[PDB]
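Okay, so here's the structure we're looking at.
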Amino acid sequence: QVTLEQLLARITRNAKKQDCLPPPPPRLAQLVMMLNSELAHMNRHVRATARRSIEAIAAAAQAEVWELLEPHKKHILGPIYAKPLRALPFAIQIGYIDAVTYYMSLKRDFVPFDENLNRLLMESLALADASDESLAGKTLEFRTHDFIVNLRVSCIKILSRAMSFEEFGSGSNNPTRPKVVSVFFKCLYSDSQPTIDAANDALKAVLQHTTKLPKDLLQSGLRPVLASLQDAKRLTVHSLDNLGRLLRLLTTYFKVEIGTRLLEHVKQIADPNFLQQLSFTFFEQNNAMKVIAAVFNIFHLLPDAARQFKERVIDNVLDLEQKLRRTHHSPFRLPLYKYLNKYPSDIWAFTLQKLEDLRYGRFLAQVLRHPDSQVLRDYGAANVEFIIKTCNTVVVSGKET
Amino acid sequence: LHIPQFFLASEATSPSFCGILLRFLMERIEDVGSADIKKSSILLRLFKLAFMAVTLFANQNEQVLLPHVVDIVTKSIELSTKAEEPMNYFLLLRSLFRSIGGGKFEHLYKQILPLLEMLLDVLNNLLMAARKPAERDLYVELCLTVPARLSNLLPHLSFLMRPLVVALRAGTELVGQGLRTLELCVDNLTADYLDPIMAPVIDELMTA
């Protein structure tokens with residue numbers, strides 16, 4: 001790759017737009033054709049190298065990539081439209097979808113919305129909507145799983161790019177866009193990180209672009225997550241992760257009392273005998289503790305109305321630590337710090353309101369010493385005067401504490 | 001280094017310290033192939049101590065190691081392609097494999113046998129002897145001591161043919177291991193099933 005970069009840099013020293021295009025001979029026309037021929041390869045490094053080289057050639061000649069690639073678009077588009085996408089092996093499908101996605105990004109009208117493109121997009125939607133067992137069967141094998149994940153990511157990316165075009169699905173009025181959004185939501189709740197990230201990016205982009213959401217579609221999207229949050233025994237880390245993702249996506253949509261229900265679940269799970277037995281061992285790898293930590297992790301994502309649960313959460317964490325005989329360290333400290341770092345004024349006021357007690361100043365001092373508690377330190381630096389004033393009032397009040 | 005070793009050898013404290021050490025080590029796993037001898041030797045020794053601790057108390061420490069085994073194998077294989085010294089990630093795998101031979105639970109979690117065996121075969125195929133044909137010995141030993149049950153290894157048995165022939169013409173240890181494996185295969189199979197598997201390498205096998 002480095003040798004190719006050096007050669008390309010050397011041979012385009014005095015390039016001009018005329019030399020990089022076919023005559024109405026040109027030096028770089030054959031080179032550009034050859035590089036463009038490699039954009040649909042089955043190897044991702046080859047595709048990346050080809051597109052890097054094409055961009056480098058275009059920049060030197062002071063031209064646009066679409067200008068250079070317009071004459072040769074057929075050489076890539078014809079073969080892709082000539083076969084049914086559902087019969088090819090995984091790698092060929094991935095390469096074809098990536099090539100089409102890149103081609104339809106150079107300019108708005110580069111790839112017309114003819115019958116072939118619509119058929120390809122419907123095939124991509126069907127593929128993304130399929131199941132692991134359906135796609136040749138998931139034997140738990142590493143390579144088949146990786147191929148399936150990559151194919152799903154490519155399908156999601158192409159559908160997300162098609163969403164940006166106001167032509168796609170507008171002239172049909174059939175459930176195409178709703179189906180795309182439903183597929184995005186279904187992918188957002190998968191067990192694979194790459195597909196999760198792709199779906200999250202696509203969903204946030206579409207939410208920003210639309211600026212509004214039909215009530216029925218969002219109700220359908222949000223039903224599955226709230227379905228599983230109605231039983232303490234059935235609570236799992238994956239459901240809480242999905243809830244956190246949705247809270248991060250749709251900020252001003254959710255409602256209060258979900259935190260109270262979660263706290264009720266936490267109280268139910270924390271059995272006294274269970275905790276007494278869980279002591280005497282390294283309980284950081286237990287499932288119940290992980291579920292409790294996941295529940296506590298959500299409170300820093302809820303809207304501003306969650307500010308009223310600070311005392312409840314602090315008391316819960318302190319009581320849990322007391323039951324387990326731990327200090328300075330427990331699985332619940334990190335999410336609690338994340339939550340407390342969002343309301344410095346409130347936490348400082350609450351702490352200073354209870355200066356006489358030794359159980360709260362110690363906790364706040366422990367919180368401040370963590371590397372990530374910077375906003376709290378800034379607020380304390382600002383209001384050191386208030387802190388000293390209240391301490392002086394307490395000391396002058398004339399008590400034994 | 002004796003303090004971790006003393007803690008890991010004691011029955012009372014071995015599980016908790018093993019868990020803490022493994023949690024710490026899985027965050028530095030990326031420094032194994034750092035090409036700085038002082039940085040990698042200590043990490044490799046710590047991994048060895050943890051695995052030996054797992055071996056000492058099988059019924060207590062196996063559940064400590066269970067969560068991390070798939071991560072260790074996959075991350076080693078994935079990171080070895082971009083490291084400055086990629087052989088450290090296979091020295092680590094040799095240390096791991098030498099400790100869980102016998103009867104354990106993680107054999108069930110190991111369902112990535114074809115990928116690991118194909119990768120080991122490819123690495124064995126394309127490698128200059130190097131610092132003496134020692135990389136070949138490392139890859140052959142990794143091939144011939146993969147942690148699995150013979151029933152699950154009955155398929156993928158064609159992945160052991162070339163390393164077996166390579167082992168039958170090497171030092172005493174590899175020769176003994178190859179003889180052991182070949183005797184096991186001959187004793188636990190029928191001719192009509194085994195002969196087609198051995199056909200591609202049978203001449204070299206008998207000559208060796």
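Going through the structure tokens in order, the chains are called A, B, and so on, while each chain numbers its residues from 1 and the ligands are numbered from 1 in the order shown.
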
Within 12 Å of chain B, which residues of chain A are there when counting only C-alpha atoms? Please give them as a ChimeraX atom specification.
-> /A:139-146,280-286

Keeping only C-alpha atoms, write the selected residues to a file as a compact mmCIF listing (two decimals), in the first residue's frame.
# COMPACT_ATOMS: atom_id res chain seq x y z
CA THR A 139 -24.14 -23.57 13.68
CA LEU A 140 -22.43 -21.33 16.29
CA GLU A 141 -19.40 -21.36 13.98
CA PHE A 142 -17.25 -18.24 14.17
CA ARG A 143 -16.96 -17.55 10.45
CA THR A 144 -20.63 -17.98 9.53
CA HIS A 145 -21.63 -15.70 12.41
CA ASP A 146 -19.11 -13.07 11.29
CA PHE A 280 -17.47 -13.91 52.20
CA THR A 281 -16.70 -14.17 48.46
CA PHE A 282 -15.86 -12.20 45.32
CA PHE A 283 -19.43 -11.32 44.36
CA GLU A 284 -18.44 -8.97 41.52
CA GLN A 285 -19.18 -11.79 39.04
CA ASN A 286 -22.65 -12.69 40.35

Find the spatial neighbours of residue 325 of chain A, counting only C-alpha atoms, within a cut-off of 10 Å - ignore same-chain residues fewer than 4 positions away - and output them as a PyMOL selection string.
-> chain A and resi 276+279-280+319-321

Hey, what's within 9 Å of residue 160 of chain B if we count only C-alpha atoms and toss same-chain stuff fewer than 4 positions away? As a ChimeraX atom specification, please?
-> /B:117,121,140,143-144,156,164-165

Write out the residues from the selection above, keeping N, CA, C and O atoms, as a PDB file, in the first residue's frame.
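To be explicit, this is the file written out as part.pdb:
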ATOM      1  N   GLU B 117      -8.034 -24.358  14.266  1.00  0.00           N
ATOM      2  CA  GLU B 117      -7.239 -25.361  13.565  1.00  0.00           C
ATOM      3  C   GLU B 117      -6.837 -24.884  12.174  1.00  0.00           C
ATOM      4  O   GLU B 117      -5.694 -25.090  11.752  1.00  0.00           O
ATOM      5  N   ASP B 121      -3.014 -24.307  10.966  1.00  0.00           N
ATOM      6  CA  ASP B 121      -2.497 -24.951   9.764  1.00  0.00           C
ATOM      7  C   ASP B 121      -1.901 -23.928   8.808  1.00  0.00           C
ATOM      8  O   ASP B 121      -0.827 -24.152   8.238  1.00  0.00           O
ATOM      9  N   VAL B 140       2.994 -26.846  15.726  1.00  0.00           N
ATOM     10  CA  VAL B 140       2.659 -28.267  15.738  1.00  0.00           C
ATOM     11  C   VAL B 140       2.166 -28.686  17.117  1.00  0.00           C
ATOM     12  O   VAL B 140       1.196 -29.444  17.242  1.00  0.00           O
ATOM     13  N   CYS B 143      -1.272 -27.517  17.570  1.00  0.00           N
ATOM     14  CA  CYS B 143      -2.210 -28.335  16.806  1.00  0.00           C
ATOM     15  C   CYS B 143      -2.503 -29.656  17.509  1.00  0.00           C
ATOM     16  O   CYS B 143      -3.654 -30.103  17.544  1.00  0.00           O
ATOM     17  N   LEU B 144      -1.478 -30.295  18.067  1.00  0.00           N
ATOM     18  CA  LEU B 144      -1.607 -31.649  18.591  1.00  0.00           C
ATOM     19  C   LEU B 144      -2.093 -31.703  20.034  1.00  0.00           C
ATOM     20  O   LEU B 144      -2.282 -32.804  20.560  1.00  0.00           O
ATOM     21  N   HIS B 156     -13.015 -32.939  11.714  1.00  0.00           N
ATOM     22  CA  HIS B 156     -11.844 -32.071  11.668  1.00  0.00           C
ATOM     23  C   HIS B 156     -10.548 -32.847  11.864  1.00  0.00           C
ATOM     24  O   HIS B 156      -9.509 -32.252  12.163  1.00  0.00           O
ATOM     25  N   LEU B 164       1.036 -33.926  12.177  1.00  0.00           N
ATOM     26  CA  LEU B 164       1.479 -35.234  12.653  1.00  0.00           C
ATOM     27  C   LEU B 164       2.729 -35.694  11.911  1.00  0.00           C
ATOM     28  O   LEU B 164       3.689 -36.183  12.525  1.00  0.00           O
ATOM     29  N   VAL B 165       2.739 -35.538  10.586  1.00  0.00           N
ATOM     30  CA  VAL B 165       3.905 -35.922   9.799  1.00  0.00           C
ATOM     31  C   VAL B 165       5.095 -35.043  10.155  1.00  0.00           C
ATOM     32  O   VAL B 165       6.236 -35.515  10.217  1.00  0.00           O
TER      33      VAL B 165
END

Neighbouring residues of segment 373-390 of chain A were defined as those with any atom within 7 Å, considering only C-alpha atoms; residues of the same chain fewer than 4 positions away were excluded. Please report them as a PDB file with N, CA and C atoms, in the first residue's frame.
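Output contents, as saved in result.pdb:
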ATOM      1  N   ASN A 341     -22.711  13.180  39.259  1.00  0.00           N
ATOM      2  CA  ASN A 341     -21.930  14.204  38.580  1.00  0.00           C
ATOM      3  C   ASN A 341     -22.775  15.099  37.683  1.00  0.00           C
ATOM      4  N   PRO A 344     -24.431  18.866  40.322  1.00  0.00           N
ATOM      5  CA  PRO A 344     -23.493  19.312  41.365  1.00  0.00           C
ATOM      6  C   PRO A 344     -24.130  20.209  42.408  1.00  0.00           C
ATOM      7  N   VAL A 367     -16.309  10.369  46.859  1.00  0.00           N
ATOM      8  CA  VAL A 367     -16.760  10.662  45.500  1.00  0.00           C
ATOM      9  C   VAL A 367     -15.813  11.648  44.829  1.00  0.00           C
ATOM     10  N   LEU A 368     -15.424  12.701  45.553  1.00  0.00           N
ATOM     11  CA  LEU A 368     -14.602  13.745  44.950  1.00  0.00           C
ATOM     12  C   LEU A 368     -13.233  13.224  44.534  1.00  0.00           C
ATOM     13  N   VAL A 394     -22.066  26.127  62.021  1.00  0.00           N
ATOM     14  CA  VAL A 394     -22.226  24.922  62.830  1.00  0.00           C
ATOM     15  C   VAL A 394     -21.316  24.971  64.052  1.00  0.00           C
TER      16      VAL A 394
END

For residue 91 of chain B, which residue out of B:72, B:52, B:44, B:179 is the nearest one, using only C-alpha atoms?
-> B:44

Run DSSP on the backbone of this structure and report the residues of segment 321-359 of chain A it assigns to alpha helix (DSSP H), as a short mmCIF file (atom, residue, chain, number, x, y, z; two decimals) with N, CA, C and O atoms, in the first residue's frame.
data_model
loop_
_atom_site.label_atom_id
_atom_site.label_comp_id
_atom_site.auth_asym_id
_atom_site.auth_seq_id
_atom_site.Cartn_x
_atom_site.Cartn_y
_atom_site.Cartn_z
N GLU A 321 -24.17 -1.48 50.63
CA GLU A 321 -22.76 -1.62 51.00
C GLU A 321 -22.62 -2.06 52.46
O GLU A 321 -21.78 -2.90 52.78
N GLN A 322 -23.44 -1.50 53.35
CA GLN A 322 -23.39 -1.89 54.75
C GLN A 322 -23.72 -3.37 54.91
O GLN A 322 -23.09 -4.07 55.71
N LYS A 323 -24.71 -3.86 54.16
CA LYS A 323 -25.07 -5.27 54.25
C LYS A 323 -23.93 -6.17 53.80
O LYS A 323 -23.72 -7.25 54.36
N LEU A 324 -23.17 -5.74 52.78
CA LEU A 324 -22.10 -6.55 52.23
C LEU A 324 -20.75 -6.31 52.89
O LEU A 324 -19.78 -7.01 52.56
N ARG A 333 -20.62 1.79 42.54
CA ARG A 333 -20.06 3.12 42.73
C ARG A 333 -19.96 3.88 41.41
O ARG A 333 -20.19 5.09 41.38
N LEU A 334 -19.60 3.20 40.32
CA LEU A 334 -19.41 3.91 39.05
C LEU A 334 -20.69 4.52 38.52
O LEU A 334 -20.69 5.73 38.21
N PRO A 335 -21.80 3.79 38.37
CA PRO A 335 -23.04 4.44 37.93
C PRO A 335 -23.53 5.50 38.89
O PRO A 335 -24.09 6.52 38.46
N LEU A 336 -23.34 5.30 40.20
CA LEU A 336 -23.75 6.32 41.16
C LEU A 336 -22.95 7.60 40.98
O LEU A 336 -23.51 8.70 41.07
N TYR A 337 -21.65 7.48 40.74
CA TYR A 337 -20.84 8.66 40.46
C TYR A 337 -21.30 9.34 39.18
O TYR A 337 -21.39 10.57 39.11
N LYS A 338 -21.60 8.55 38.14
CA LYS A 338 -22.09 9.13 36.90
C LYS A 338 -23.38 9.90 37.12
O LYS A 338 -23.58 10.97 36.53
N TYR A 339 -24.26 9.38 37.97
CA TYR A 339 -25.53 10.06 38.24
C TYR A 339 -25.31 11.32 39.06
O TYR A 339 -25.87 12.38 38.76
N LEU A 340 -24.49 11.23 40.11
CA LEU A 340 -24.26 12.38 40.98
C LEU A 340 -23.50 13.50 40.28
O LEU A 340 -23.63 14.66 40.68
N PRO A 344 -24.43 18.87 40.32
CA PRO A 344 -23.49 19.31 41.36
C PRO A 344 -24.13 20.21 42.41
O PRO A 344 -23.87 20.04 43.61
N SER A 345 -24.96 21.16 41.99
CA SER A 345 -25.59 22.06 42.95
C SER A 345 -26.46 21.29 43.93
O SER A 345 -26.38 21.49 45.15
N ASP A 346 -27.29 20.39 43.41
CA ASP A 346 -28.19 19.63 44.27
C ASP A 346 -27.42 18.75 45.24
O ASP A 346 -27.73 18.69 46.43
N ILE A 347 -26.40 18.04 44.74
CA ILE A 347 -25.67 17.13 45.61
C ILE A 347 -24.91 17.92 46.68
O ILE A 347 -24.87 17.52 47.85
N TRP A 348 -24.29 19.04 46.30
CA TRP A 348 -23.58 19.85 47.28
C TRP A 348 -24.52 20.39 48.34
O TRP A 348 -24.20 20.37 49.54
N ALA A 349 -25.69 20.89 47.93
CA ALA A 349 -26.65 21.41 48.90
C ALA A 349 -27.11 20.31 49.84
O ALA A 349 -27.16 20.50 51.07
N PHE A 350 -27.44 19.14 49.30
CA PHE A 350 -27.90 18.04 50.14
C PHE A 350 -26.82 17.62 51.13
O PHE A 350 -27.11 17.37 52.30
N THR A 351 -25.57 17.53 50.67
CA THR A 351 -24.49 17.12 51.57
C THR A 351 -24.28 18.15 52.67
O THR A 351 -24.21 17.80 53.85
N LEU A 352 -24.17 19.43 52.30
CA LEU A 352 -23.97 20.47 53.31
C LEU A 352 -25.14 20.56 54.26
O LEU A 352 -24.97 21.04 55.39
N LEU A 358 -21.50 11.93 60.14
CA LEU A 358 -20.21 11.45 59.65
C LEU A 358 -20.34 10.49 58.48
O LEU A 358 -19.33 10.20 57.83
N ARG A 359 -21.54 9.98 58.20
CA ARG A 359 -21.72 8.99 57.15
C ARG A 359 -21.84 9.59 55.76
O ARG A 359 -21.75 8.84 54.78
#

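Near residue 94 of chain B, within 10 Å and counting only C-alpha atoms, sit residues 48, 88, 89, 90, 91, 97, 98, 99, 138, 139, 141, 142, 145 and 146 of chain B, not including residues fewer than 3 positions from it in the same chain.
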
Written file, previous selection with N, CA, C and O atoms, as a tab-separated table (two decimals), in the first residue's frame:
chain	number	residue	atom	x	y	z
B	48	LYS	N	0.83	-17.10	33.34
B	48	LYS	CA	1.20	-18.47	33.70
B	48	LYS	C	0.84	-18.78	35.14
B	48	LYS	O	0.34	-19.87	35.45
B	88	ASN	N	4.36	-13.94	20.94
B	88	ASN	CA	4.00	-13.94	22.35
B	88	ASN	C	2.57	-14.42	22.56
B	88	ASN	O	2.28	-15.13	23.53
B	89	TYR	N	1.67	-14.03	21.66
B	89	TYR	CA	0.27	-14.43	21.75
B	89	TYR	C	0.07	-15.92	21.53
B	89	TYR	O	-1.01	-16.43	21.85
B	90	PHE	N	1.06	-16.62	21.00
B	90	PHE	CA	1.01	-18.07	20.88
B	90	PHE	C	1.77	-18.77	21.99
B	90	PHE	O	1.40	-19.89	22.37
B	91	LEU	N	2.80	-18.13	22.55
B	91	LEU	CA	3.37	-18.63	23.80
B	91	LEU	C	2.32	-18.63	24.90
B	91	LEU	O	2.22	-19.58	25.69
B	97	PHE	N	-3.03	-23.94	27.06
B	97	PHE	CA	-3.39	-25.30	26.67
B	97	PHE	C	-2.71	-26.34	27.53
B	97	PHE	O	-3.28	-27.41	27.77
B	98	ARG	N	-1.49	-26.07	28.00
B	98	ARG	CA	-0.80	-27.04	28.84
B	98	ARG	C	-1.45	-27.23	30.21
B	98	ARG	O	-1.10	-28.17	30.91
B	99	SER	N	-2.39	-26.36	30.59
B	99	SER	CA	-2.93	-26.38	31.94
B	99	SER	C	-4.31	-27.01	32.06
B	99	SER	O	-4.73	-27.34	33.18
B	138	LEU	N	6.29	-24.88	17.70
B	138	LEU	CA	5.23	-24.25	18.49
B	138	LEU	C	3.86	-24.50	17.87
B	138	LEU	O	2.91	-24.89	18.56
B	139	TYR	N	3.75	-24.28	16.56
B	139	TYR	CA	2.46	-24.46	15.91
B	139	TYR	C	2.04	-25.93	15.89
B	139	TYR	O	0.85	-26.24	16.05
B	141	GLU	N	2.83	-28.21	18.17
B	141	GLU	CA	2.38	-28.54	19.52
B	141	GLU	C	1.00	-27.96	19.80
B	141	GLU	O	0.17	-28.60	20.46
B	142	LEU	N	0.74	-26.74	19.32
B	142	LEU	CA	-0.59	-26.17	19.49
B	142	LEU	C	-1.64	-26.98	18.74
B	142	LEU	O	-2.77	-27.13	19.20
B	145	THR	N	-2.30	-30.56	20.69
B	145	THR	CA	-2.76	-30.54	22.07
B	145	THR	C	-3.91	-29.55	22.25
B	145	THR	O	-4.04	-28.91	23.29
B	146	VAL	N	-4.75	-29.43	21.23
B	146	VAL	CA	-5.93	-28.57	21.35
B	146	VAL	C	-6.86	-29.15	22.41
B	146	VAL	O	-7.02	-30.38	22.49

For segment 193-198 of chain B: contacts at 8 Å, only C-alpha atoms, fewer than 6 positions along chain excluded, given as a PyMOL selection string | chain B and resi 157-158+161+186

Filtering to C-alpha atoms, could you give me those residues as a short mmCIF file (atom, residue, chain, number, x, y, z; two decimals), in the first residue's frame?
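Written out: selection.cif:
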data_model
loop_
_atom_site.label_atom_id
_atom_site.label_comp_id
_atom_site.auth_asym_id
_atom_site.auth_seq_id
_atom_site.Cartn_x
_atom_site.Cartn_y
_atom_site.Cartn_z
CA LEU B 157 -9.38 -34.97 11.89
CA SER B 158 -7.93 -34.03 8.50
CA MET B 161 -2.51 -34.88 9.32
CA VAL B 186 -5.59 -46.31 15.30
#

Test item: residues at most 9 Å from residue 167 of chain B, only C-alpha atoms, excluding those fewer than 3 positions along its chain, as number ranges by chain = B: 137, 140-141, 162-164, 170-171, 173-179

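Distances to residue 69 of chain A were evaluated for A:97, A:364, A:57, A:32 using only C-alpha atoms, and the minimum falls at A:32.
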
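Picture a line from atom CA of residue 69 of chain B to atom CA of residue 26 of chain B; it runs 10.5 Å.
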
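As for atom CA of residue 220 of chain A and atom CA of residue 184 of chain A, they are spaced 12.2 Å apart.
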